[PDB]
Amino acid sequence: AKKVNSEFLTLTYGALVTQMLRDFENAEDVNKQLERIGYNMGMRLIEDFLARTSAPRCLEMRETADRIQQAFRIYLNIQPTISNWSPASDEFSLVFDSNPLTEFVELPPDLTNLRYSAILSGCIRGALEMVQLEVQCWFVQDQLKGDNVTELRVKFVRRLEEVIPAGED
Amino acid sequence: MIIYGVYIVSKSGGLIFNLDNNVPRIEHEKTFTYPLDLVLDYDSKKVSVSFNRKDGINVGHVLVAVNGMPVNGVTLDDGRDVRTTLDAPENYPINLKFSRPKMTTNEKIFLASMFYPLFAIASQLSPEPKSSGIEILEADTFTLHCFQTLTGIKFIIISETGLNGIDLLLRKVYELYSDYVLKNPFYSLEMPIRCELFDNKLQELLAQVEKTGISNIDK
Amino acid sequence: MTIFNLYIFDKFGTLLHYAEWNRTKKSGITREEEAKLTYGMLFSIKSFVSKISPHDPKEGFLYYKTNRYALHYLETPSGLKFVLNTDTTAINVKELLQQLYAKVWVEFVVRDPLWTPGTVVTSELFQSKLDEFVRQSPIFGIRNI
Amino acid sequence: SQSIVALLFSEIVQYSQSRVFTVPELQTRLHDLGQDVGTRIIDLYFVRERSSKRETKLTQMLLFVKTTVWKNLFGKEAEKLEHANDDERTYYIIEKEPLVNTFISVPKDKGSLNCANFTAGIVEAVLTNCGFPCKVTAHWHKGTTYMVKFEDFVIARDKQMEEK
């Protein structure tokens with residue numbers, strides 16, 4: 001029954017963001033720790049995303065893109081769209097349509113340096129850590145910032161696994 | 001039928017969670033006579049038998065308590081040596097009480113520590129290419145199922161030889177692992193599991209797996 | 001049952017003999033260090049199964065199976081070790097490896113005056129006998145139990 | 001989903017544990033966050049469930065909150081709402097389902113209180129904004145219960161209204 005309301009989680013997250021900003025005036029630290037907790041969630045979250053689909057780690061990067069894409073539909077019940085691949089064809093752009101945590105939560109223009117929902121941008125980080133595929137991942141257009149629809153840019157950097165599943169570590 | 005020892009190990013391999021099912025280790029009793037057919041060979045505080053196995057006695061089987069006197073190391077609780085009573089024939093016949101040395105917690109920790117690189121280095125240059133480490137081991141009296149979550153976590157549960165569909169049990173313990181690690185980020189990703197919630201829900205799982213039927217996946 | 005490869009190690013732990021028919025991935029390390037790594041593999045496996053078993057290990061370890069291949073083991077009461085390796089689908093190969101041991105290795109190693117225990121076994125006759133004996137019922141696979 | 005909320009809330013709790021050096025005012029942080037969420041939970045759930053209708057009767061408003069907040073937050077309305085006759089300021093709302101243990105929780109050896117306090121703070125904010133300021137304490141009595149302590153002023157206004 002989805003056992004949650006988008007509003008409910010939105011309230012919890014907004015209150016938490018309020019809490020950090022009340023803790024540290026500088027948005028730099030709130031961004032740091034929010035990406036830290038995004039990493040933290042993304043490590044355990046993949047343990048459930050792989051509890052349903054037993055996809056092989058990475059045959060190709062488009063497989064990773066579709067995996068992370070379906071992840072949000074599993075959790076946040078939104079379908080992102082993958083596009084804008086390089087001639088190198090390793091990176092990509094990913095579109096989040098509607099963000100439950102965002103829904104009518106305005107941000108102070110005196111707080112612009114904050115990356116509000118970057119937890120997801122870090123969750124995939126924490127996710128991509130686990131499968132031994134670290135990634136330079138972040139946003140190029142933010143529906144939060146005033147852009148039309150959310151758009152995160154994924155630059156994969158390097159692998160951590162050999163012909164054995166154990167891989168380098 | 002039961003899942004003997006449900007365990008799990010970190011990337012380093014320290015046994016995270018020694019979930020022991022109820023496992024009655026066999027206890028043997030016998031009233032012996034003048035110096036023994038049994039090989040009462042002393043080996044590092046383990047007064048056991050290597051040769052001359054009788055009456056369902058194994059190599060591990062070690063004296064626990066003659067006439068209900070538990071052994072401390074090699075000596076009697078009253079302070080006499082095992083062989084001190086062995087040379088003495090007046091008390092004979094005397095009741096010896098043998099049990100296989102029950103793996104304590106630190107023992108199982110060392111066992112998992114010594115095991116881990118085995119699976120980790122499991123024929124790294126195996127004849128077949130692109131292969132994995134050991135996925136299933138099958139032994140004389142048990143079968144170990146190890147399941148790597150493609151990185152990090154290794155669910156290692158040992159079940160009966162003839163048991164089937166253990167992979168689904170691994171799936172459910174994967175689920176309950178997630179349901180636990182929900183709560184404590186201060187629970188480090190390599191700290192041992194100490195939580196009674198996981199304990200009781202896995203006791204429910206054991207009660208279920210008393211029944212073979214796993215459906216709506218049974219927990 | 002056609003298989004990937006077979007290993008024969010003395011109780012001391014040296015490479016008595018190796019045989020290959022299907023081993024596809026050709027390693028980079030030397031097959032000598034590979035043989036020693038397999039022997040440590042096997043002995044530590046034997047310790048593991050001996051100690052974590054809740055009940056008496058009569059013959060101890062049996063085999064392991066992986067995602068893509070599988071490995072089977074044979075402990076002689078002499079302490080000799082046989083190990084075979086292949087893909088998945090066949091009759092259980094415990095009696096297969098026993099038949100190979102009794103019918104070939106006993107026949108064409110021990111019975112040879114040239115064969116001196118504590119050394120390697122180098123003979124084209126035994127290589128033949130082993131080859132055609134695996135080629136006796138040589139379809140494929142293991143699924144050993 | 002459930003894993004996302006359960007985890008993410010867990011990081012609220014433990015990050016507070018980071019900024020907090022002891023049990024009790026850690027629990028106070030949990031209470032404060034429960035307040036900061038209930039402070040809008042209240043008037044959201046007002047319109048969509050109470051049909052935008054105010055309940056001056058402490059019993060009726062409290063019962064309706066008991067149904068609504070639990071029905072939408074955690075699905076199952078709390079089992080029982082009781083009023084203690086010895087102390088009309090102090091009533092109980094027992095919820096056998098632990099909302100902390102929905103995400104099965106920490107050993108309560110190093111600590112005592114949990115997300116129970118967070119939902120207690122939610123209840124307290126709902127009460128104090130409904131015009132019934134109160135103290136809501138999570139208690140491991142008969143499992144999870146929330147003891148509610150009404151201000152003598154508020155319960156006095158109630159008693160005067162309970163003079164028909």
# chains A, B, ... in the order shown; residues from 1 in each chain; ligands from 1

$ residues_around --residues "stretch 58-68 of chain D" --least-positions-apart "6" --cutoff "12 Å" --atoms "only C-alpha atoms" --output "PDB file with N, CA and C atoms, in the first residue's frame"
ATOM      1  N   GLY D  38       4.619  17.493  12.861  1.00  0.00           N
ATOM      2  CA  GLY D  38       3.217  17.601  13.225  1.00  0.00           C
ATOM      3  C   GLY D  38       2.659  18.999  13.052  1.00  0.00           C
ATOM      4  N   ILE D  41       1.389  18.509   9.758  1.00  0.00           N
ATOM      5  CA  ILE D  41       0.560  17.303   9.729  1.00  0.00           C
ATOM      6  C   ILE D  41      -0.851  17.627  10.192  1.00  0.00           C
ATOM      7  N   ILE D  42      -0.937  18.408  11.269  1.00  0.00           N
ATOM      8  CA  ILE D  42      -2.222  18.749  11.873  1.00  0.00           C
ATOM      9  C   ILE D  42      -3.183  19.310  10.833  1.00  0.00           C
ATOM     10  N   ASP D  43      -2.790  20.388  10.170  1.00  0.00           N
ATOM     11  CA  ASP D  43      -3.775  21.105   9.390  1.00  0.00           C
ATOM     12  C   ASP D  43      -3.804  20.610   7.952  1.00  0.00           C
ATOM     13  N   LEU D  44      -2.838  19.779   7.561  1.00  0.00           N
ATOM     14  CA  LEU D  44      -3.052  18.940   6.389  1.00  0.00           C
ATOM     15  C   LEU D  44      -4.191  17.967   6.634  1.00  0.00           C
ATOM     16  N   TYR D  45      -4.049  17.121   7.651  1.00  0.00           N
ATOM     17  CA  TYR D  45      -5.030  16.075   7.884  1.00  0.00           C
ATOM     18  C   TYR D  45      -6.368  16.627   8.344  1.00  0.00           C
ATOM     19  N   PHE D  46      -6.402  17.881   8.803  1.00  0.00           N
ATOM     20  CA  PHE D  46      -7.672  18.538   9.093  1.00  0.00           C
ATOM     21  C   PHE D  46      -8.635  18.464   7.915  1.00  0.00           C
ATOM     22  N   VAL D  47      -8.258  19.057   6.783  1.00  0.00           N
ATOM     23  CA  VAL D  47      -9.202  19.199   5.679  1.00  0.00           C
ATOM     24  C   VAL D  47      -9.546  17.843   5.075  1.00  0.00           C
ATOM     25  N   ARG D  48      -8.530  17.034   4.772  1.00  0.00           N
ATOM     26  CA  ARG D  48      -8.755  15.847   3.958  1.00  0.00           C
ATOM     27  C   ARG D  48      -9.496  14.752   4.713  1.00  0.00           C
ATOM     28  N   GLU D  49      -9.417  14.731   6.044  1.00  0.00           N
ATOM     29  CA  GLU D  49     -10.120  13.721   6.827  1.00  0.00           C
ATOM     30  C   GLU D  49     -11.203  14.322   7.713  1.00  0.00           C
ATOM     31  N   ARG D  50     -10.878  15.301   8.559  1.00  0.00           N
ATOM     32  CA  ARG D  50     -11.896  15.885   9.425  1.00  0.00           C
ATOM     33  C   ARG D  50     -12.928  16.697   8.657  1.00  0.00           C
ATOM     34  N   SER D  51     -12.825  16.750   7.329  1.00  0.00           N
ATOM     35  CA  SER D  51     -13.749  17.512   6.491  1.00  0.00           C
ATOM     36  C   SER D  51     -13.748  18.985   6.883  1.00  0.00           C
ATOM     37  N   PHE D  74       1.071   5.665   9.406  1.00  0.00           N
ATOM     38  CA  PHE D  74       1.536   4.289   9.521  1.00  0.00           C
ATOM     39  C   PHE D  74       0.416   3.286   9.272  1.00  0.00           C
ATOM     40  N   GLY D  75      -0.629   3.695   8.556  1.00  0.00           N
ATOM     41  CA  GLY D  75      -1.661   2.776   8.122  1.00  0.00           C
ATOM     42  C   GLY D  75      -2.665   2.383   9.185  1.00  0.00           C
ATOM     43  N   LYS D  76      -2.186   1.764  10.260  1.00  0.00           N
ATOM     44  CA  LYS D  76      -3.058   1.193  11.281  1.00  0.00           C
ATOM     45  C   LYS D  76      -3.298   2.221  12.376  1.00  0.00           C
ATOM     46  N   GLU D  77      -4.560   2.594  12.577  1.00  0.00           N
ATOM     47  CA  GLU D  77      -4.904   3.462  13.693  1.00  0.00           C
ATOM     48  C   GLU D  77      -4.508   2.787  15.000  1.00  0.00           C
ATOM     49  N   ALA D  78      -4.077   3.597  15.965  1.00  0.00           N
ATOM     50  CA  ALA D  78      -3.635   3.057  17.242  1.00  0.00           C
ATOM     51  C   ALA D  78      -4.758   2.258  17.886  1.00  0.00           C
ATOM     52  N   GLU D  79      -4.384   1.196  18.604  1.00  0.00           N
ATOM     53  CA  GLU D  79      -5.391   0.325  19.198  1.00  0.00           C
ATOM     54  C   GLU D  79      -6.317   1.091  20.131  1.00  0.00           C
ATOM     55  N   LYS D  80      -5.790   1.696  21.194  1.00  0.00           N
ATOM     56  CA  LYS D  80      -6.765   2.165  22.169  1.00  0.00           C
ATOM     57  C   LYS D  80      -6.410   3.537  22.721  1.00  0.00           C
ATOM     58  N   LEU D  81      -7.465   4.312  22.954  1.00  0.00           N
ATOM     59  CA  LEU D  81      -7.415   5.608  23.607  1.00  0.00           C
ATOM     60  C   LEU D  81      -8.158   5.500  24.926  1.00  0.00           C
ATOM     61  N   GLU D  82      -7.505   5.889  26.018  1.00  0.00           N
ATOM     62  CA  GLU D  82      -8.076   5.740  27.348  1.00  0.00           C
ATOM     63  C   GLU D  82      -7.871   7.026  28.125  1.00  0.00           C
ATOM     64  N   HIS D  83      -8.802   7.321  29.022  1.00  0.00           N
ATOM     65  CA  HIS D  83      -8.664   8.431  29.946  1.00  0.00           C
ATOM     66  C   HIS D  83      -8.549   7.887  31.363  1.00  0.00           C
ATOM     67  N   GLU D  88      -7.487  13.559  35.467  1.00  0.00           N
ATOM     68  CA  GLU D  88      -8.105  13.961  34.211  1.00  0.00           C
ATOM     69  C   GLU D  88      -7.138  14.705  33.301  1.00  0.00           C
ATOM     70  N   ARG D  89      -6.034  15.219  33.839  1.00  0.00           N
ATOM     71  CA  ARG D  89      -5.024  15.823  32.980  1.00  0.00           C
ATOM     72  C   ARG D  89      -4.224  14.774  32.220  1.00  0.00           C
ATOM     73  N   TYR D  91      -4.070  11.240  30.312  1.00  0.00           N
ATOM     74  CA  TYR D  91      -4.695  10.138  29.588  1.00  0.00           C
ATOM     75  C   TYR D  91      -3.616   9.337  28.863  1.00  0.00           C
ATOM     76  N   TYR D  92      -4.037   8.284  28.163  1.00  0.00           N
ATOM     77  CA  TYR D  92      -3.105   7.393  27.481  1.00  0.00           C
ATOM     78  C   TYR D  92      -3.613   7.111  26.075  1.00  0.00           C
ATOM     79  N   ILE D  93      -2.689   6.989  25.130  1.00  0.00           N
ATOM     80  CA  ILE D  93      -2.979   6.425  23.817  1.00  0.00           C
ATOM     81  C   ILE D  93      -1.990   5.297  23.541  1.00  0.00           C
ATOM     82  N   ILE D  94      -2.470   4.061  23.629  1.00  0.00           N
ATOM     83  CA  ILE D  94      -1.628   2.887  23.451  1.00  0.00           C
ATOM     84  C   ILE D  94      -1.682   2.454  21.993  1.00  0.00           C
ATOM     85  N   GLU D  95      -0.491   2.323  21.403  1.00  0.00           N
ATOM     86  CA  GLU D  95      -0.296   1.899  20.022  1.00  0.00           C
ATOM     87  C   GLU D  95       0.604   0.676  20.048  1.00  0.00           C
ATOM     88  N   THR D 119       7.299  10.306  17.274  1.00  0.00           N
ATOM     89  CA  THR D 119       5.860  10.328  17.041  1.00  0.00           C
ATOM     90  C   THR D 119       5.120  10.923  18.233  1.00  0.00           C
ATOM     91  N   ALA D 120       5.684  10.795  19.435  1.00  0.00           N
ATOM     92  CA  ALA D 120       5.106  11.463  20.593  1.00  0.00           C
ATOM     93  C   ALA D 120       5.157  12.972  20.432  1.00  0.00           C
ATOM     94  N   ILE D 122       5.165  14.445  17.544  1.00  0.00           N
ATOM     95  CA  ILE D 122       4.116  14.704  16.560  1.00  0.00           C
ATOM     96  C   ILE D 122       2.775  14.882  17.261  1.00  0.00           C
ATOM     97  N   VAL D 123       2.436  13.937  18.136  1.00  0.00           N
ATOM     98  CA  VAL D 123       1.178  14.003  18.875  1.00  0.00           C
ATOM     99  C   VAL D 123       1.110  15.286  19.689  1.00  0.00           C
ATOM    100  N   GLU D 124       2.221  15.654  20.321  1.00  0.00           N
ATOM    101  CA  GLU D 124       2.245  16.838  21.168  1.00  0.00           C
ATOM    102  C   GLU D 124       2.028  18.106  20.354  1.00  0.00           C
ATOM    103  N   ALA D 125       2.651  18.199  19.177  1.00  0.00           N
ATOM    104  CA  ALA D 125       2.418  19.351  18.312  1.00  0.00           C
ATOM    105  C   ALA D 125       0.966  19.411  17.861  1.00  0.00           C
ATOM    106  N   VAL D 126       0.395  18.261  17.497  1.00  0.00           N
ATOM    107  CA  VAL D 126      -1.011  18.223  17.098  1.00  0.00           C
ATOM    108  C   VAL D 126      -1.889  18.734  18.231  1.00  0.00           C
ATOM    109  N   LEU D 127      -1.627  18.260  19.446  1.00  0.00           N
ATOM    110  CA  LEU D 127      -2.400  18.700  20.599  1.00  0.00           C
ATOM    111  C   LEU D 127      -2.252  20.194  20.831  1.00  0.00           C
ATOM    112  N   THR D 128      -1.018  20.697  20.800  1.00  0.00           N
ATOM    113  CA  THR D 128      -0.781  22.079  21.192  1.00  0.00           C
ATOM    114  C   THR D 128      -1.268  23.046  20.125  1.00  0.00           C
ATOM    115  N   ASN D 129      -1.410  22.578  18.884  1.00  0.00           N
ATOM    116  CA  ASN D 129      -1.933  23.463  17.853  1.00  0.00           C
ATOM    117  C   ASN D 129      -3.442  23.299  17.703  1.00  0.00           C
ATOM    118  N   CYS D 130      -3.990  22.187  18.196  1.00  0.00           N
ATOM    119  CA  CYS D 130      -5.439  22.024  18.218  1.00  0.00           C
ATOM    120  C   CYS D 130      -6.094  22.843  19.319  1.00  0.00           C
ATOM    121  N   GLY D 131      -5.330  23.657  20.036  1.00  0.00           N
ATOM    122  CA  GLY D 131      -5.837  24.337  21.205  1.00  0.00           C
ATOM    123  C   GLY D 131      -5.853  23.509  22.464  1.00  0.00           C
ATOM    124  N   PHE D 132      -5.139  22.388  22.492  1.00  0.00           N
ATOM    125  CA  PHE D 132      -5.047  21.532  23.672  1.00  0.00           C
ATOM    126  C   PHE D 132      -3.581  21.256  23.963  1.00  0.00           C
ATOM    127  N   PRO D 133      -2.834  22.261  24.418  1.00  0.00           N
ATOM    128  CA  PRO D 133      -1.426  22.024  24.749  1.00  0.00           C
ATOM    129  C   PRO D 133      -1.290  20.927  25.791  1.00  0.00           C
ATOM    130  N   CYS D 134      -0.244  20.125  25.631  1.00  0.00           N
ATOM    131  CA  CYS D 134      -0.109  18.882  26.364  1.00  0.00           C
ATOM    132  C   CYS D 134       1.349  18.460  26.364  1.00  0.00           C
ATOM    133  N   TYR D 146       1.643   6.343  24.596  1.00  0.00           N
ATOM    134  CA  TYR D 146       1.961   7.762  24.710  1.00  0.00           C
ATOM    135  C   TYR D 146       1.118   8.291  25.861  1.00  0.00           C
ATOM    136  N   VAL D 148      -0.305  11.331  27.812  1.00  0.00           N
ATOM    137  CA  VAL D 148      -0.608  12.719  27.502  1.00  0.00           C
ATOM    138  C   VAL D 148      -1.014  13.410  28.794  1.00  0.00           C
ATOM    139  N   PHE D 150      -2.392  16.919  30.200  1.00  0.00           N
ATOM    140  CA  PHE D 150      -3.046  18.163  29.841  1.00  0.00           C
ATOM    141  C   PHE D 150      -2.718  19.244  30.859  1.00  0.00           C
ATOM    142  N   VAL D 154      -5.964  23.829  30.373  1.00  0.00           N
ATOM    143  CA  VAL D 154      -6.689  23.235  29.253  1.00  0.00           C
ATOM    144  C   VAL D 154      -7.745  22.260  29.757  1.00  0.00           C
ATOM    145  N   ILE D 155      -7.361  21.374  30.677  1.00  0.00           N
ATOM    146  CA  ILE D 155      -8.326  20.433  31.235  1.00  0.00           C
ATOM    147  C   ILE D 155      -9.381  21.169  32.048  1.00  0.00           C
ATOM    148  N   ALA D 156      -9.047  22.348  32.574  1.00  0.00           N
ATOM    149  CA  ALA D 156     -10.034  23.132  33.307  1.00  0.00           C
ATOM    150  C   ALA D 156     -11.057  23.741  32.362  1.00  0.00           C
ATOM    151  N   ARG D 157     -10.589  24.309  31.249  1.00  0.00           N
ATOM    152  CA  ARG D 157     -11.500  24.751  30.200  1.00  0.00           C
ATOM    153  C   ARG D 157     -12.387  23.602  29.742  1.00  0.00           C
ATOM    154  N   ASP D 158     -11.804  22.410  29.614  1.00  0.00           N
ATOM    155  CA  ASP D 158     -12.572  21.232  29.227  1.00  0.00           C
ATOM    156  C   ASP D 158     -13.639  20.895  30.262  1.00  0.00           C
ATOM    157  N   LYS D 159     -13.252  20.826  31.537  1.00  0.00           N
ATOM    158  CA  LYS D 159     -14.195  20.504  32.601  1.00  0.00           C
ATOM    159  C   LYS D 159     -15.322  21.517  32.668  1.00  0.00           C
ATOM    160  N   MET D 161     -16.399  23.273  30.103  1.00  0.00           N
ATOM    161  CA  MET D 161     -17.254  22.876  28.991  1.00  0.00           C
ATOM    162  C   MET D 161     -18.014  21.601  29.313  1.00  0.00           C
ATOM    163  N   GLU D 162     -17.397  20.685  30.058  1.00  0.00           N
ATOM    164  CA  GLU D 162     -18.116  19.499  30.496  1.00  0.00           C
ATOM    165  C   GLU D 162     -18.956  19.836  31.718  1.00  0.00           C
TER     166      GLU D 162
END

$ residues_around --residues "residue B:128" --least-positions-apart "3" --cutoff "8 Å" --atoms "only C-alpha atoms" --output "PDB file with N, CA, C and O atoms, in the first residue's frame"
ATOM      1  N   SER B 131      34.344 -16.808 -13.977  1.00  0.00           N
ATOM      2  CA  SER B 131      33.591 -17.491 -12.936  1.00  0.00           C
ATOM      3  C   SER B 131      33.560 -16.681 -11.645  1.00  0.00           C
ATOM      4  O   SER B 131      34.128 -15.590 -11.540  1.00  0.00           O
TER       5      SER B 131
ATOM      6  N   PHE C   4      36.573 -30.378 -17.639  1.00  0.00           N
ATOM      7  CA  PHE C   4      37.567 -29.338 -17.885  1.00  0.00           C
ATOM      8  C   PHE C   4      38.978 -29.838 -17.587  1.00  0.00           C
ATOM      9  O   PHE C   4      39.826 -29.886 -18.485  1.00  0.00           O
ATOM     10  N   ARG C  23      40.090 -27.121 -20.298  1.00  0.00           N
ATOM     11  CA  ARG C  23      40.323 -25.879 -19.573  1.00  0.00           C
ATOM     12  C   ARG C  23      40.493 -24.731 -20.552  1.00  0.00           C
ATOM     13  O   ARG C  23      41.475 -24.671 -21.297  1.00  0.00           O
ATOM     14  N   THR C  24      39.522 -23.822 -20.550  1.00  0.00           N
ATOM     15  CA  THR C  24      39.462 -22.747 -21.531  1.00  0.00           C
ATOM     16  C   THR C  24      40.284 -21.535 -21.118  1.00  0.00           C
ATOM     17  O   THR C  24      41.199 -21.132 -21.843  1.00  0.00           O
ATOM     18  N   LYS C  25      39.986 -20.947 -19.963  1.00  0.00           N
ATOM     19  CA  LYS C  25      40.790 -19.844 -19.458  1.00  0.00           C
ATOM     20  C   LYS C  25      42.177 -20.365 -19.112  1.00  0.00           C
ATOM     21  O   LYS C  25      42.325 -21.208 -18.222  1.00  0.00           O
ATOM     22  N   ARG C  68      29.470 -20.848 -12.720  1.00  0.00           N
ATOM     23  CA  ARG C  68      29.744 -21.153 -14.120  1.00  0.00           C
ATOM     24  C   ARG C  68      30.459 -22.490 -14.293  1.00  0.00           C
ATOM     25  O   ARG C  68      30.351 -23.119 -15.351  1.00  0.00           O
ATOM     26  N   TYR C  69      31.196 -22.942 -13.281  1.00  0.00           N
ATOM     27  CA  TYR C  69      31.777 -24.277 -13.342  1.00  0.00           C
ATOM     28  C   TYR C  69      31.434 -24.997 -12.050  1.00  0.00           C
ATOM     29  O   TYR C  69      30.639 -24.512 -11.240  1.00  0.00           O
ATOM     30  N   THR C  86      34.686 -29.181 -14.111  1.00  0.00           N
ATOM     31  CA  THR C  86      33.944 -29.092 -15.367  1.00  0.00           C
ATOM     32  C   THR C  86      32.726 -28.180 -15.279  1.00  0.00           C
ATOM     33  O   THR C  86      32.557 -27.445 -14.301  1.00  0.00           O
TER      34      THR C  86
END

$ residues_around --residues "residue C:123" --least-positions-apart "4" --cutoff "12 Å" --atoms "only C-alpha atoms" --output "VMD selection string"
chain C and resid 16 to 19 105 108 to 109 112 to 115 127 to 130

$ write_last_selection --atoms "C-alpha atoms" --output "compact mmCIF listing (two decimals), in the first residue's frame"
# COMPACT_ATOMS: atom_id res chain seq x y z
CA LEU C 16 51.67 -35.95 -8.77
CA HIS C 17 49.99 -35.30 -12.10
CA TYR C 18 47.84 -32.84 -14.00
CA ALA C 19 45.53 -33.49 -16.94
CA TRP C 105 45.43 -44.49 -11.95
CA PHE C 108 48.69 -47.40 -14.90
CA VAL C 109 50.62 -45.63 -12.14
CA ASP C 112 54.47 -49.28 -13.12
CA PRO C 113 57.97 -50.16 -11.88
CA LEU C 114 59.15 -46.86 -13.35
CA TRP C 115 56.66 -45.12 -11.07
CA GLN C 127 48.20 -39.92 -20.35
CA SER C 128 46.58 -42.08 -23.02
CA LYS C 129 44.70 -44.36 -20.62
CA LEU C 130 43.39 -41.34 -18.70

$ residues_around --residues "residue A:52" --least-positions-apart "5" --cutoff "10 Å" --atoms "only C-alpha atoms" --output "JSON, numbers by chain"
{"A": [47, 74], "B": [171, 175]}

$ write_last_selection --atoms "N, CA, C and O atoms" --output "PDB file, in the first residue's frame"
ATOM      1  N   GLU A  47      21.177  -2.638  -1.288  1.00  0.00           N
ATOM      2  CA  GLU A  47      20.925  -3.956  -0.714  1.00  0.00           C
ATOM      3  C   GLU A  47      19.472  -4.381  -0.855  1.00  0.00           C
ATOM      4  O   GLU A  47      19.174  -5.574  -0.752  1.00  0.00           O
ATOM      5  N   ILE A  74      10.918   2.346  -8.167  1.00  0.00           N
ATOM      6  CA  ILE A  74      10.682   1.409  -7.075  1.00  0.00           C
ATOM      7  C   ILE A  74      10.425   2.159  -5.772  1.00  0.00           C
ATOM      8  O   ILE A  74       9.485   1.846  -5.035  1.00  0.00           O
TER       9      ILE A  74
ATOM     10  N   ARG B 171      17.446 -15.329   0.177  1.00  0.00           N
ATOM     11  CA  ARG B 171      16.690 -14.142  -0.207  1.00  0.00           C
ATOM     12  C   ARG B 171      15.994 -13.524   0.997  1.00  0.00           C
ATOM     13  O   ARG B 171      16.057 -12.307   1.209  1.00  0.00           O
ATOM     14  N   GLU B 175      16.438  -9.933   2.852  1.00  0.00           N
ATOM     15  CA  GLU B 175      15.354  -9.008   3.169  1.00  0.00           C
ATOM     16  C   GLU B 175      15.425  -8.552   4.617  1.00  0.00           C
ATOM     17  O   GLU B 175      15.358  -7.351   4.903  1.00  0.00           O
TER      18      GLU B 175
END

$ closest_residue --among "A:149, A:43, A:137, A:16" --to "chain D" --atoms "only C-alpha atoms"
A:16

$ residues_around --residues "residue D:117" --least-positions-apart "5" --cutoff "7 Å" --atoms "only C-alpha atoms" --output "list in words"
residues 27, 30, 31, 137 and 138 of chain D

$ write_last_selection --atoms "N, CA, C and O atoms" --output "compact mmCIF listing (two decimals), in the first residue's frame"
# COMPACT_ATOMS: atom_id res chain seq x y z
N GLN D 27 16.76 12.34 22.84
CA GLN D 27 15.32 12.13 22.79
C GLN D 27 14.59 13.46 22.62
O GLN D 27 13.56 13.53 21.95
N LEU D 30 14.58 14.28 19.06
CA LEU D 30 13.55 13.50 18.39
C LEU D 30 12.18 14.12 18.60
O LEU D 30 11.37 14.21 17.66
N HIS D 31 11.90 14.56 19.82
CA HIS D 31 10.66 15.26 20.11
C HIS D 31 10.51 16.52 19.28
O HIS D 31 9.44 16.80 18.73
N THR D 137 4.57 11.81 26.24
CA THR D 137 5.77 11.05 26.57
C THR D 137 5.62 9.64 26.04
O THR D 137 4.63 8.97 26.33
N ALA D 138 6.61 9.20 25.26
CA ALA D 138 6.67 7.80 24.87
C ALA D 138 7.03 6.95 26.08
O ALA D 138 7.95 7.26 26.83

$ select_by_dssp --residues "stretch 1-166 of chain A" --states "alpha helix (DSSP H)" --output "VMD selection string"
chain A and resid 6 to 23 27 to 49 61 to 75 118 to 130

$ interface_residues --of "chain A" --to "chain D" --cutoff "6 Å" --atoms "only C-alpha atoms" --output "list in words"
residues 2, 11 and 75 of chain A

$ write_last_selection --atoms "N, CA, C and O atoms" --output "mmCIF file, in the first residue's frame"
data_model
loop_
_atom_site.group_PDB
_atom_site.id
_atom_site.type_symbol
_atom_site.label_atom_id
_atom_site.label_comp_id
_atom_site.auth_asym_id
_atom_site.auth_seq_id
_atom_site.Cartn_x
_atom_site.Cartn_y
_atom_site.Cartn_z
ATOM 1 N N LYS A 2 2.161 1.044 -0.273
ATOM 2 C CA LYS A 2 3.156 2.104 -0.398
ATOM 3 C C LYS A 2 3.459 2.699 0.974
ATOM 4 O O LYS A 2 4.480 3.367 1.155
ATOM 5 N N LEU A 11 7.755 16.228 4.477
ATOM 6 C CA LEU A 11 7.814 16.956 5.740
ATOM 7 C C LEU A 11 9.037 16.546 6.538
ATOM 8 O O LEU A 11 9.756 17.397 7.074
ATOM 9 N N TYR A 75 11.250 3.161 -5.471
ATOM 10 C CA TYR A 75 11.141 3.855 -4.189
ATOM 11 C C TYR A 75 10.276 5.108 -4.274
ATOM 12 O O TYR A 75 9.250 5.211 -3.595
#
